[PDB]
Each structure stands twice: as structure tokens, then as C-alpha cells.
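Read through the structure below, which is laid out as C-alpha cells, and then see the notes.
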Amino acid sequence: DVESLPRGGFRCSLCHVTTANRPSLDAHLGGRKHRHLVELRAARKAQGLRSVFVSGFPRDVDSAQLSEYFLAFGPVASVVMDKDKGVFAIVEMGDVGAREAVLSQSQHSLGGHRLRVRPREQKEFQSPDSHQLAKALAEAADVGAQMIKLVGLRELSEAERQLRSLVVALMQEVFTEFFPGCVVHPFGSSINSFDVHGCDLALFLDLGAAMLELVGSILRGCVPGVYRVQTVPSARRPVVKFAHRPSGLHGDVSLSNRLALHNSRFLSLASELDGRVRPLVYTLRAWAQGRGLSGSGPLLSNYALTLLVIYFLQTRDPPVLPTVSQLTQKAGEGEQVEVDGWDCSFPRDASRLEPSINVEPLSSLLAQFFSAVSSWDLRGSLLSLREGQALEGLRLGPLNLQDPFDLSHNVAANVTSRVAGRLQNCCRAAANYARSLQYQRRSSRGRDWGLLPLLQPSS
RNA sequence: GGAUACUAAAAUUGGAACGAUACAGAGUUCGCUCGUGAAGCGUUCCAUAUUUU
Ligand SMILES: [Zn+2]
């Protein structure tokens with residue numbers, strides 16, 4: 001599990017850990033993380049050593065008969081049904097000494113048809129951009145054309161959207177089998193029209209930790225092709241993270257996050273107001289993801305980026321987007337939605353309101369956003385999208401930002417002091433670069449013109 | 001007949017402690033020598049948190 005690397009280095013593939021010397025590698029091998037990885041790998045290896053693969057039995061029969069039959073050959077640990085095909089099964093025996101008892105006789109039968117039992121071959125244990133981006137943008141007309149082309153490139157293709165729809169339909173079918181009358185609402189980066197390649201799909205279940213564990217068990221056992229299922233109650237809204245293998249996707253399933261559905265609807269409505277907010281949001285999201293400020297864990301999530309863009313568009317002297325106060329005022333009949341204490345309403349249609357009085361191009365908006373976000377205070381200034389100004393929060397530090405619909409979650413509470421300072425410095429750098437003349441106009445035969453330096457693979 | 005399941009301590013950040021690596025500085029008998037750091041790391045400990053939109 002150790003591979004040699006130059007400079008006298010080593011790499012543990014069991015933990016994916018690179019060490020520059022020998023004592024560090026030895027200390028890592030002496031730690032509890034590597035020991036636990038070894039123990040879990042050995043447990044999986046032993047289970048594979050005491051398991052068999054059964055196929056050939058006729059369809060429309062359950063694995064209960066298989067378990068009852070195999071119980072005659074000693075203790076049986078588990079029987080796992082096939083997923084996505086439903087044609088075979090994996091029988092994990094209790095004791096190793098009984099495995100050969102399964103291998104003693106191959107004359108198997110179930111419902112008349114004959115079967116086929118084999119030893120389980122042990123699969124090897126597994127431990128649990130910037131080229132095309134600069135390629136397909138630098139031949140556009142101007143920076144606005146660059147941002148429009150970036151939107152076109154980052155937009156999910158028909159294949160990805162249809163695949164996500166298929167996943168949603170499968171989840172709905174399974175959960176309707178388990179919970180009749182339930183609905184699986186897709187949302188996240190799928191219905192808000194701000195869809196990027198390799199985005200997260202969130203699934204709201206419309207009908208404490210027991211339900212979360214039940215959903216996790218459903219995903220682990222019955223739902224096809226889904227591995228990496230992790231329940232997470234330690235959050236404002238408990239969520240099951242799930243990964244899907246055949247699609248190579250990863251997403252989140254929530255039970256009570258009803259506000260996020262209307263949040264995604266509002267994001268889509270804001271995107272449909274005009275053809276400039278969407279390019280601005282896509283460009284700023286790409287810039288954040290290309291400068292080490294949008295990743296996993298304590299880093300600024302994709303939703304906070306769109307929230308900041310909407311707030312900035314609200315704060316302009318010519319109102320690009322009316323604030324959430326006006327949006328709530330624009331609501332009509334059948335639009336009295338309110339969840340979790342407070343009320344937040346907005347129209348569900350697009351052609352109901354007045355177009356904005358802004359005419360600035362995309363480059364001007366980007367430069368103004370960079371200047372404003374660089375100059376703004378980060379110590380104790382909380383941004384209110386509902387009122388569209390600056391000054392109920394729960395926890396905040398060097399970054400203050402709350403939802404305009406969920407007025408209790410400070411979405412900026414996932415950024416520490418150093419990350420906030422780096423963000424402010426990057427904003428100042430982008431602002432001065434936009435003020436500089438090189439960014440303002442085109443270079444034909446290669447200079448990294450326009451948005452490319454902001455989108456370059458920097459450090 | 002038709003392709004051999006992702007089972008506990010799932011993660012990162014704030015503070016830490018210890019062990020090493022770096023020398024645009026110099027020498028060497030080729031063993032290293034003098035002193036100074038957090039770049040990458042490893043081990044362990046305490047978490048008014050996040051990682052979903
Ligand atoms: Zn290891």
C-alpha cells in the first residue's frame with residue numbers, strides 16, 4: 001500500500017497520504033487512521049473469503065427462500081439482493097468453515113429451475129477546465145460574448161438533464177413504493193436554471209433521525225446503483241448525502257428542506273428576468289471555483305455566490321433586481337407560501353413585472369461588483385437581501401450573509417478569517433484588473449485577454 | 001441462463017503540542033557541521049461549526 005516517489009518520498013495508497021520522508025511514513029503507519037483502514041480492509045477481505053455468488057434462479061422470487069435454504073449449511077450472516085438487474089444474489093456466510101459446505105454440492109434448484117453457485121472473487125479493496133475554458137472563450141466578440149459563451153459551455157447538456165430527470169423518477173418510484181403518496185421534488189443546481197457540469201442534485205421528500213436512517217437504509221439496500229450513502233443530522237436541516245455509480249453523480253436528499261424548493265424557484269425566476277443576471281452569476285461562480293474559494297467543507301458554497309450576486313444587483317442605484325420586499329409585494333392569489341415560522345412569498349410566473357432600468361453591459365457590471373465587494377466591510381456588516389441593505393442572525397464572523405427567505409441561516413458562517421481575507425484581497429485584485437485597460441478589450445493572437453486571467457488556473 | 005454488495009470513528013476548519021523538512025547563507029574528512037522558520041507533512045487532544053439550497 002506504499003509507493004516510492006522522488007525526493008526520497010513515499011505515498012500510502014490506503015490513506016492517499018504523501019510523505020516527504022521515512023519517519024513521517026512510519027508515524028502514519030503507527031496512527032489509528034491507518035490501523036482502522038487496515039482493520040476495515042481485513043474485515044472486508046474476510047467477508048469476501050466467507051461469501052458466495054448465486055445466480056440462475058428464476059425471476060419473480062425473493063431472497064428469503066435463498067436465506068432459508070442456505071441456513072441449512074450453518075450460520076448465515078447476510079443475503080444481498082442484486083440491484084439494477086435483480087437477477088442474482090450474494091450470500092455472506094457466518095463462519096468460514098461452512099463455506100465449503102456450500103461448495104460441497106452444486107445440484108441447486110428453486111421453483112423448478114436450476115441454479116448456479118460460485119465462490120466470490122475478491123475485488124480489490126478501495127479506500128473510502130483551465131484548458132477548454134480558455135480555449136472556447138478567447139475567440140468571442142467581447143467580454144460579454146465571452147461570458148455568454150461561458151454560460152453556453154457550462155450549461156448542462158440534454159444528456160445530463162435527462163439523466164438527472166431519470167434519477168429523480170427512480171427515486172420517486174422507490175419512495176412511492178415505500179411511502180405511498182409521497183413526492184420527490186428535484187432542486188439544487190437542477191431547477192434554478194443555474195446548472196453547471198458535475199453539479200449537486202438535491203431531492204426534497206414531501207409527505208427525528210429515525211427517518212433519516214430509514215432513508216439511508218433504503219438507499220443502501222434497495223435503490224439501484226447508489227453507493228456512498230452518509231446520513232448527516234448535525235446540520236440545520238438533516239440531509240443524506242448519496243452517490244450514484246452508473247451516472248457518476250453525487251447529491252443530497254432532504255426531508256424537511258421545503259424552503260429550498262421555493263428558493264430554487266426564486267433563483268430560476270431571477271434568472272429569467274433578463275439575459276444578463278445568468279451570465280453574471282455563471283462568471284462569478286466560475287471565478288470563485290477557479291481561485292480556491294468554492295470547494296468542500298468550510299468553503300463558500302455555490303448558493304452563497306448567487307445570493308451575493310442578487311444582493312449586489314439589488315444594491316445598484318438603478319435596480320437590476322427589486323429587493324425581496326418588492327418581490328413579496330408582487331405576489332398574488334395562491335401565493336401565500338410560508339414554512340418554518342416566517343413568511344416569504346413571490347410570484348411563480350415570469351411575465352408579470354416591469355423590466356429593470358439598467359443598460360450597463362456585462363463588463364461594467366462585473367467591474368462594479370468587484371469594486372463594491374472589495375470595498376465593503378467584513379467585520380460587522382450583515383447583508384440583508386430582503387431589505388437590500390447592510391447593517392436575524394445566529395452565528396457570524398468575518399463574513400456576514402443571511403438568506404432572504406430563511407432568515408436564520410447565516411450562509412457566510414462557513415468561512416474563517418483567513419479565507420475571508422483572501423477573498424477580499426482577490427476581490428481587490430479583480431477590481432484593479434478590471435479597471436486596468438488590458439481586460440477592457442480584446443487581444444487576437446494570444447495574450448489571455450478578457451476573463452481568462454480571472455479564470456486562469458492560478459495558485 | 002445474465003455483468004461478483006460500499007458493513008462503525010464521513011469529512012474539513014479554529015486552537016494546540018511533539019517528530020521532521022527548507023538553507024538562492026558557508027565549509028567538509030562526504031559522516032555531516034552552525035543557527036533560524038511552519039512550505040508541505042505525520043501522530044494525538046479540545047470543538048459556541050459547517051459541508052443541502
Ligand atoms: Zn495509510
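Residue names in the C-alpha cells use chain letters A, B, ... in the order shown, residue numbers from 1 in each chain, and ligand numbers from 1 in the order shown.
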
Determine which residues of segment 212-386 of chain A receive a DSSP assignment of alpha helix (DSSP H), computed from the backbone, and state them as a short mmCIF file (atom, residue, chain, number, x, y, z; two decimals) with C-alpha atoms, in the first residue's frame.
```cif
data_model
loop_
_atom_site.label_atom_id
_atom_site.label_comp_id
_atom_site.auth_asym_id
_atom_site.auth_seq_id
_atom_site.Cartn_x
_atom_site.Cartn_y
_atom_site.Cartn_z
CA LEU A 212 -33.01 9.95 8.17
CA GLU A 213 -31.68 6.48 9.00
CA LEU A 214 -34.68 4.89 7.25
CA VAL A 215 -33.97 6.84 4.06
CA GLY A 216 -30.29 5.94 4.33
CA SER A 217 -31.18 2.26 4.68
CA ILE A 218 -33.47 2.50 1.65
CA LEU A 219 -30.64 3.98 -0.42
CA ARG A 220 -28.09 1.44 0.85
CA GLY A 221 -30.25 -1.62 0.25
CA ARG A 258 -39.19 22.79 1.92
CA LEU A 259 -37.82 26.35 1.83
CA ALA A 260 -35.07 25.37 -0.62
CA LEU A 261 -37.60 24.36 -3.28
CA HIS A 262 -39.12 27.85 -3.31
CA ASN A 263 -35.57 29.23 -3.07
CA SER A 264 -34.63 27.42 -6.30
CA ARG A 265 -37.88 28.61 -7.89
CA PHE A 266 -36.97 32.19 -6.95
CA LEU A 267 -33.46 31.72 -8.36
CA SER A 268 -34.93 30.48 -11.65
CA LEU A 269 -37.35 33.43 -11.72
CA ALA A 270 -34.47 35.85 -11.16
CA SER A 271 -32.52 34.15 -13.95
CA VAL A 277 -28.04 38.07 -14.49
CA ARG A 278 -27.39 34.48 -15.57
CA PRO A 279 -24.08 35.34 -17.32
CA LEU A 280 -23.02 37.39 -14.29
CA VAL A 281 -23.83 34.53 -11.90
CA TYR A 282 -22.06 31.94 -14.06
CA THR A 283 -18.97 34.12 -14.46
CA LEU A 284 -18.73 34.86 -10.73
CA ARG A 285 -19.26 31.19 -9.82
CA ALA A 286 -16.51 30.19 -12.26
CA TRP A 287 -14.18 32.82 -10.79
CA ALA A 288 -14.89 31.63 -7.25
CA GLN A 289 -14.33 27.98 -8.18
CA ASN A 302 -22.46 27.78 -4.64
CA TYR A 303 -25.70 29.16 -3.18
CA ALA A 304 -23.95 31.99 -1.32
CA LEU A 305 -22.38 33.10 -4.61
CA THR A 306 -25.78 33.56 -6.27
CA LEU A 307 -27.08 35.20 -3.09
CA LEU A 308 -24.26 37.75 -3.17
CA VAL A 309 -24.81 38.41 -6.88
CA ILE A 310 -28.53 39.01 -6.31
CA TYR A 311 -27.79 41.32 -3.37
CA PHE A 312 -25.29 43.30 -5.45
CA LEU A 313 -27.79 43.65 -8.30
CA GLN A 314 -30.33 44.87 -5.73
CA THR A 315 -27.95 47.44 -4.23
CA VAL A 324 -37.29 40.67 -1.76
CA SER A 325 -39.60 43.23 -0.15
CA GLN A 326 -40.82 44.29 -3.60
CA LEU A 327 -40.89 40.66 -4.78
CA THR A 328 -43.12 39.72 -1.85
CA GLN A 329 -45.29 42.75 -2.65
CA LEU A 362 -21.70 42.66 -18.52
CA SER A 363 -18.16 44.02 -18.17
CA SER A 364 -19.34 47.18 -16.39
CA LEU A 365 -21.50 45.15 -14.00
CA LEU A 366 -18.60 42.80 -13.24
CA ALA A 367 -16.21 45.69 -12.57
CA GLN A 368 -18.73 47.45 -10.33
CA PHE A 369 -19.37 44.21 -8.43
CA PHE A 370 -15.64 43.65 -7.92
CA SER A 371 -15.11 47.21 -6.68
CA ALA A 372 -18.10 47.11 -4.33
CA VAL A 373 -17.29 43.70 -2.85
CA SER A 374 -13.64 44.69 -2.36
CA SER A 375 -14.52 47.98 -0.66
#
```

Next item on the list: Could you please select, counting only C-alpha atoms (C1' of nucleotides), the residues of chain A within 7 Å of chain B and state them as a list in words?
Entry: residues 19, 20, 24, 25, 27, 28, 31, 53, 56, 80, 90, 120, 121, 188, 202, 227, 228, 230, 239, 252, 260, 263, 264, 296, 297, 298, 303 and 414 of chain A

Keeping only C-alpha atoms, write the selected residues to a file as an mmCIF file, in the first residue's frame.
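Heads up, here's the output in part-v1.cif:
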```cif
data_model
loop_
_atom_site.group_PDB
_atom_site.id
_atom_site.type_symbol
_atom_site.label_atom_id
_atom_site.label_comp_id
_atom_site.auth_asym_id
_atom_site.auth_seq_id
_atom_site.Cartn_x
_atom_site.Cartn_y
_atom_site.Cartn_z
ATOM 1 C CA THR A 19 5.040 11.913 2.993
ATOM 2 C CA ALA A 20 8.358 13.579 2.180
ATOM 3 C CA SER A 24 6.533 10.624 8.837
ATOM 4 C CA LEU A 25 5.505 7.460 6.982
ATOM 5 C CA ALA A 27 4.388 7.560 12.342
ATOM 6 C CA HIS A 28 1.423 7.469 9.950
ATOM 7 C CA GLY A 31 -1.501 6.041 13.813
ATOM 8 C CA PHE A 53 -22.364 -15.674 -5.533
ATOM 9 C CA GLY A 56 -29.605 -18.702 -12.321
ATOM 10 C CA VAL A 80 -27.804 -9.283 -0.509
ATOM 11 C CA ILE A 90 -24.532 -12.532 -2.762
ATOM 12 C CA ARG A 120 -16.971 -14.933 -4.647
ATOM 13 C CA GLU A 121 -13.877 -13.476 -6.288
ATOM 14 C CA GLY A 188 -30.422 22.489 -6.088
ATOM 15 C CA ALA A 202 -30.971 17.830 -4.123
ATOM 16 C CA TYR A 227 -23.238 3.775 -3.007
ATOM 17 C CA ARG A 228 -21.605 6.309 -0.672
ATOM 18 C CA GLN A 230 -23.937 9.076 4.504
ATOM 19 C CA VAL A 239 -29.539 15.504 4.869
ATOM 20 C CA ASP A 252 -28.256 15.307 -1.342
ATOM 21 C CA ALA A 260 -35.068 25.371 -0.615
ATOM 22 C CA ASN A 263 -35.571 29.226 -3.075
ATOM 23 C CA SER A 264 -34.629 27.423 -6.298
ATOM 24 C CA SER A 296 -15.936 21.222 0.068
ATOM 25 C CA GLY A 297 -16.442 21.750 3.782
ATOM 26 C CA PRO A 298 -15.699 25.148 5.326
ATOM 27 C CA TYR A 303 -25.704 29.159 -3.180
ATOM 28 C CA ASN A 414 -18.711 28.584 6.782
#
```

Check: Which chains and residue numbers are within 7 Å of ligand 1, counting only C-alpha atoms (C1' of nucleotides) and all ligand atoms, if I want them as a list in words?
Finding: residues 12, 13, 14, 15, 16, 17, 28, 29, 33 and 34 of chain A

Can you spit out the residues from that selection as a PDB file, in the first residue's frame, using N, CA, C and O atoms?
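Printed below is again_39.pdb as written:
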```
ATOM      1  N   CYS A  12       1.195   6.518   0.776  1.00  0.00           N
ATOM      2  CA  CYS A  12       0.296   5.467   1.233  1.00  0.00           C
ATOM      3  C   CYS A  12      -0.994   5.559   0.429  1.00  0.00           C
ATOM      4  O   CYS A  12      -1.749   6.531   0.560  1.00  0.00           O
ATOM      5  N   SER A  13      -1.237   4.554  -0.414  1.00  0.00           N
ATOM      6  CA  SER A  13      -2.472   4.488  -1.185  1.00  0.00           C
ATOM      7  C   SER A  13      -3.661   4.047  -0.344  1.00  0.00           C
ATOM      8  O   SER A  13      -4.806   4.312  -0.726  1.00  0.00           O
ATOM      9  N   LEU A  14      -3.417   3.379   0.786  1.00  0.00           N
ATOM     10  CA  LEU A  14      -4.512   3.005   1.672  1.00  0.00           C
ATOM     11  C   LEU A  14      -5.125   4.224   2.348  1.00  0.00           C
ATOM     12  O   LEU A  14      -6.297   4.192   2.740  1.00  0.00           O
ATOM     13  N   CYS A  15      -4.354   5.301   2.490  1.00  0.00           N
ATOM     14  CA  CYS A  15      -4.847   6.546   3.058  1.00  0.00           C
ATOM     15  C   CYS A  15      -4.666   7.736   2.127  1.00  0.00           C
ATOM     16  O   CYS A  15      -5.062   8.851   2.491  1.00  0.00           O
ATOM     17  N   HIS A  16      -4.090   7.530   0.940  1.00  0.00           N
ATOM     18  CA  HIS A  16      -3.842   8.600  -0.030  1.00  0.00           C
ATOM     19  C   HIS A  16      -3.032   9.732   0.600  1.00  0.00           C
ATOM     20  O   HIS A  16      -3.349  10.914   0.453  1.00  0.00           O
ATOM     21  N   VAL A  17      -1.970   9.359   1.310  1.00  0.00           N
ATOM     22  CA  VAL A  17      -1.168  10.304   2.081  1.00  0.00           C
ATOM     23  C   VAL A  17       0.242  10.334   1.510  1.00  0.00           C
ATOM     24  O   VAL A  17       0.896   9.292   1.405  1.00  0.00           O
ATOM     25  N   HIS A  28       2.748   7.671  10.529  1.00  0.00           N
ATOM     26  CA  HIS A  28       1.423   7.469   9.950  1.00  0.00           C
ATOM     27  C   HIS A  28       0.992   6.012  10.051  1.00  0.00           C
ATOM     28  O   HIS A  28      -0.164   5.720  10.381  1.00  0.00           O
ATOM     29  N   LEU A  29       1.906   5.083   9.762  1.00  0.00           N
ATOM     30  CA  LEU A  29       1.585   3.667   9.910  1.00  0.00           C
ATOM     31  C   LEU A  29       1.284   3.315  11.359  1.00  0.00           C
ATOM     32  O   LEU A  29       0.506   2.391  11.625  1.00  0.00           O
ATOM     33  N   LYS A  33      -5.580   6.050  12.244  1.00  0.00           N
ATOM     34  CA  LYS A  33      -6.262   6.132  10.955  1.00  0.00           C
ATOM     35  C   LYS A  33      -5.839   4.989  10.040  1.00  0.00           C
ATOM     36  O   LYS A  33      -6.685   4.276   9.484  1.00  0.00           O
ATOM     37  N   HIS A  34      -4.529   4.790   9.885  1.00  0.00           N
ATOM     38  CA  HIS A  34      -4.040   3.693   9.058  1.00  0.00           C
ATOM     39  C   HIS A  34      -4.421   2.345   9.655  1.00  0.00           C
ATOM     40  O   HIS A  34      -4.766   1.409   8.926  1.00  0.00           O
TER      41      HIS A  34
END
```

Margin query: So the first atom is atom CA of residue 106 of chain A and the second is atom CA of residue 51 of chain A; what is the distance between them in Å, to one decimal place?
Written below: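 Atom-to-atom, atom CA of residue 106 of chain A to atom CA of residue 51 of chain A, that is 15.3 Å.
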
Next item on the list: Using only C-alpha atoms (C1' of nucleotides), determine which residues lie at most 9 Å from residue 391 of chain A, disregarding the query and same-chain residues fewer than 2 positions distant; provide the list as an NGL selection string.
Entry: :A and (380-384 or 389)

How would the residues just picked look written out with N, CA and C atoms as a PDB file, in the first residue's frame?
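The new file result31.pdb reads:
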```pdb
ATOM      1  N   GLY A 380     -18.425  43.612  10.782  1.00  0.00           N
ATOM      2  CA  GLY A 380     -19.735  43.527  11.399  1.00  0.00           C
ATOM      3  C   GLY A 380     -20.877  44.031  10.541  1.00  0.00           C
ATOM      4  N   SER A 381     -20.689  44.036   9.223  1.00  0.00           N
ATOM      5  CA  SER A 381     -21.714  44.484   8.286  1.00  0.00           C
ATOM      6  C   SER A 381     -22.440  43.262   7.733  1.00  0.00           C
ATOM      7  N   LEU A 382     -23.695  43.087   8.140  1.00  0.00           N
ATOM      8  CA  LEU A 382     -24.523  41.987   7.662  1.00  0.00           C
ATOM      9  C   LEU A 382     -25.353  42.453   6.475  1.00  0.00           C
ATOM     10  N   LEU A 383     -25.372  41.647   5.416  1.00  0.00           N
ATOM     11  CA  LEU A 383     -26.080  41.990   4.190  1.00  0.00           C
ATOM     12  C   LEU A 383     -27.490  41.418   4.227  1.00  0.00           C
ATOM     13  N   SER A 384     -28.484  42.280   4.024  1.00  0.00           N
ATOM     14  CA  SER A 384     -29.889  41.892   4.023  1.00  0.00           C
ATOM     15  C   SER A 384     -30.414  41.982   2.594  1.00  0.00           C
ATOM     16  N   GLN A 389     -29.982  45.950   1.982  1.00  0.00           N
ATOM     17  CA  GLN A 389     -29.158  46.951   2.649  1.00  0.00           C
ATOM     18  C   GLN A 389     -28.085  46.237   3.465  1.00  0.00           C
TER      19      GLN A 389
END
```

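The space between atom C1' of residue 37 of chain B and atom CA of residue 6 of chain A spans 24.2 Å.
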
Checklist line | Spatial neighbours of residue 34 of chain B, 12 Å, only C-alpha atoms (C1' of nucleotides), chain gap at least 6 places, as a PyMOL selection string | finding: chain B and resi 23+25-27

For the residues in the current selection, export N, CA, C and O atoms (P, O5', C5', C4', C3', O3' and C1' of nucleotides) as a PDB file, in the first residue's frame.
```pdb
ATOM      1  P     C B  23      17.039  23.783   0.406  1.00  0.00           P
ATOM      2  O5'   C B  23      17.679  25.014   1.189  1.00  0.00           O
ATOM      3  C5'   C B  23      17.179  26.334   1.009  1.00  0.00           C
ATOM      4  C4'   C B  23      17.867  27.323   1.916  1.00  0.00           C
ATOM      5  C3'   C B  23      19.306  27.657   1.521  1.00  0.00           C
ATOM      6  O3'   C B  23      19.589  29.017   1.856  1.00  0.00           O
ATOM      7  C1'   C B  23      19.281  26.797   3.703  1.00  0.00           C
ATOM      8  P     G B  25      23.752  32.373  -2.034  1.00  0.00           P
ATOM      9  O5'   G B  25      24.053  31.721  -0.611  1.00  0.00           O
ATOM     10  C5'   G B  25      23.202  31.950   0.503  1.00  0.00           C
ATOM     11  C4'   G B  25      23.994  32.335   1.729  1.00  0.00           C
ATOM     12  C3'   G B  25      25.233  31.499   2.008  1.00  0.00           C
ATOM     13  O3'   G B  25      26.351  31.878   1.222  1.00  0.00           O
ATOM     14  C1'   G B  25      23.986  31.715   3.993  1.00  0.00           C
ATOM     15  P     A B  26      26.949  30.863   0.128  1.00  0.00           P
ATOM     16  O5'   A B  26      28.133  30.122   0.894  1.00  0.00           O
ATOM     17  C5'   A B  26      29.277  30.841   1.329  1.00  0.00           C
ATOM     18  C4'   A B  26      29.972  30.139   2.468  1.00  0.00           C
ATOM     19  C3'   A B  26      30.526  28.756   2.167  1.00  0.00           C
ATOM     20  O3'   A B  26      31.777  28.798   1.501  1.00  0.00           O
ATOM     21  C1'   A B  26      29.359  28.715   4.225  1.00  0.00           C
ATOM     22  P     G B  27      32.270  27.549   0.618  1.00  0.00           P
ATOM     23  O5'   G B  27      32.806  26.502   1.693  1.00  0.00           O
ATOM     24  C5'   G B  27      33.893  26.826   2.547  1.00  0.00           C
ATOM     25  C4'   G B  27      34.005  25.858   3.699  1.00  0.00           C
ATOM     26  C3'   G B  27      34.243  24.403   3.329  1.00  0.00           C
ATOM     27  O3'   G B  27      35.604  24.129   3.045  1.00  0.00           O
ATOM     28  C1'   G B  27      32.537  24.540   4.965  1.00  0.00           C
TER      29        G B  27
END
```

Notebook entry, point to check: Between atom CA of residue 299 of chain A and atom CA of residue 399 of chain A, what is the spacing in Å?
Noted result: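 Between atom CA of residue 399 of chain A and atom CA of residue 299 of chain A the gap works out to 11.6 Å.
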
Notebook entry, point to check: Can you list, as a PyMOL selection string, every protein, DNA or RNA residue that comes within 12 Å of residue 245 of chain A when you count only C-alpha atoms (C1' of nucleotides), leaving out same-chain residues fewer than 3 positions away?
Noted result: (chain A and resi 83-84+167+223-229+242+248-251) or (chain B and resi 6)

Check: Could you name the residues that touch segment 175-185 of chain A at 6 Å or less, counting only C-alpha atoms (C1' of nucleotides), but leaving out those on the same chain fewer than 6 positions away, as number ranges by chain?
Finding: A: 203-207

Item checked: Test item: residues at most 12 Å from residue 355 of chain A, only C-alpha atoms (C1' of nucleotides), excluding those fewer than 3 positions along its chain, as a PyMOL selection string -> chain A and resi 270+272-275+318-322+350-352+358-359
